[PDB]
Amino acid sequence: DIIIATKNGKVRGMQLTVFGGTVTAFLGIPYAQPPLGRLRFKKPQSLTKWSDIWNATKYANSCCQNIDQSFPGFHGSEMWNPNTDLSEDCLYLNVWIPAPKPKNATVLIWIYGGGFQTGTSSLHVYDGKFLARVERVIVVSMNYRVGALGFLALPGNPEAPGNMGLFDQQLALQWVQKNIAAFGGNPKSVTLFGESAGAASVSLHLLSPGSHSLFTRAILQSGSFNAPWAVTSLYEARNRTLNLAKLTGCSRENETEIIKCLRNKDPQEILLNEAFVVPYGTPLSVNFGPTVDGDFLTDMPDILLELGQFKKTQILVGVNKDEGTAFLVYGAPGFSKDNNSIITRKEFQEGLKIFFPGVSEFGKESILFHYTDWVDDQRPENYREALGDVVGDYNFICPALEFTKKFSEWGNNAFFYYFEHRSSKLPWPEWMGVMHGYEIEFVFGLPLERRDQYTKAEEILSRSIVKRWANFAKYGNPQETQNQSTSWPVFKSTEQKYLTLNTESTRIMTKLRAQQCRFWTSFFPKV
């Protein structure tokens, strides 16, 4: 029986057998008052002490969210859907600690992605037991509010100030600072890591003064706040809140009366109307996400980044070879996970309308012009691959590279990777390549489980990645120093070296997507 006295009371864990060893898991520790009733849309309130032994022996409720029903029964989509009951009572976190209890272990804190509208810490691919077992780090993950329940914003109004799900994350980091030493963890050695919206979240914790003392280092997988989907402007956020109000029958003149009306609505009424608060959405629509609230985020984050107003520390950033392909089968015409999705020029043009709905004609032709100068006009997958690259470069790769350039210009060590291995168990079709989200299982070390049908090459790739991530967390340097590995050089804004991650040859390259990102970073913002 493993009991730990936290500062709010004793929690009971459970023992896991992992790789002929043991990991102690505390699943579902509450870290905030449940944000129900008068607390919906507010910042998370601090938790009150209990005197019993809280049983942390099961993942807790996932936060309310809409579920992907686009491919019922398909593991490629349903593996991302919540695997615990949805509930507004969802402000819980998880801790995996090595057995025997470490003395001063480095802590990894996972922040999941999902477009700020979906996600949960209990997903199989976020299971921290392999990292704890193999690298003897402590892994922490938390649920945070998503959608309107996490990011509804009437900025300046404390009944719905915005960024609540970001403050959820923050309160959880605070929990680690106050409590993790009782678990054998070192609160002075905490590394945040996250993917997609989780990575965008990590990047905003680097920018938020209230988070600066709650962590040491940061890892950003396939995301950053300067991604075009990641921050909502004050204007859109207000228009979206008001539109939600009209759709629910909550239109009032007194802004507070609107929030109170929205507080007596059932979560499903709010979730159902979430998709229509914008006139033209895209498969990448983030209807309710981070905004400039003057609290978590004191200014437009592009300005903070450009002018060096962020935590000075090391970062590890990277992207996957085919970030954009996954979103093509959520709306682009002629695309399907069940055929090879050879699309025509006209379908490509139609696809640009789907992904760039409010962009001028000239802007859309400028995308076409820069992505359709063919090395071979007759290749039939030319247009199919261009659309994936357009979506992937615009939404993920170029913002991540731009974030890393700007961050490193202020003197900090930064390390950039390009993940280009397609999982041998990937249930999506081959034309979608190295998809968004499918490095996560390698980072969490699922291929180290021999029973799990991964190849031997994949076990070795995950082992090296797991070591690099742990070495970055512990020491600020993502090297694998023992097995004659390629040395990972720091990313500098002049030479922009990065490391490729694949089962064959791990290589040093320079200036990822140079031509494509000059278009997205220095042309397209002007259209």
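All residue numbers refer to positions in the sequence shown, first residue = 1. By rigid core we mean the largest C-alpha set that fits within 1.5 Å across both forms.
Rigid core superposition in 9 other deposited structures of this protein puts the Cα atoms of one stretch, out of 277-285 and 222-230, farther from the shown form on average, and that stretch is 277-285. Compared with the other entries of this protein, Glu269 is consistently built, present in every one of those that build its neighbours rather than absent from a third. Among the other PDB entries of this protein that were compared and that flank it with modelled residues, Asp377 is left unmodelled in a third or more. Higher average CA B factor: 255-263, of the stretches 306-314 and 255-263. Mean C-alpha B-factor is higher over 364-372 than over the other stretch, the pair under comparison being 364-372 and 214-222. When the C-alpha B-factors of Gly194, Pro82, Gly147, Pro100 are ranked from the entry, the top spot goes to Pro100.
The PDB entry assigns its highest CA temperature factor, among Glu402, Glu323, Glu409, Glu269, to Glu269.
The PDB entry assigns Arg38 a C-alpha temperature factor belonging to the highest third of its chain's modelled residues. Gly156: CA B factor lies in the highest third for its chain, per the PDB record. For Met509, the recorded CA temperature factor ranks within the lowest third of the chain's modelled residues. Annotation for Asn471: C-alpha temperature factor in the lowest third relative to the rest of the modelled chain, per the entry. The deposited CA B-factor of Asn239 belongs to the highest third of values across its chain.
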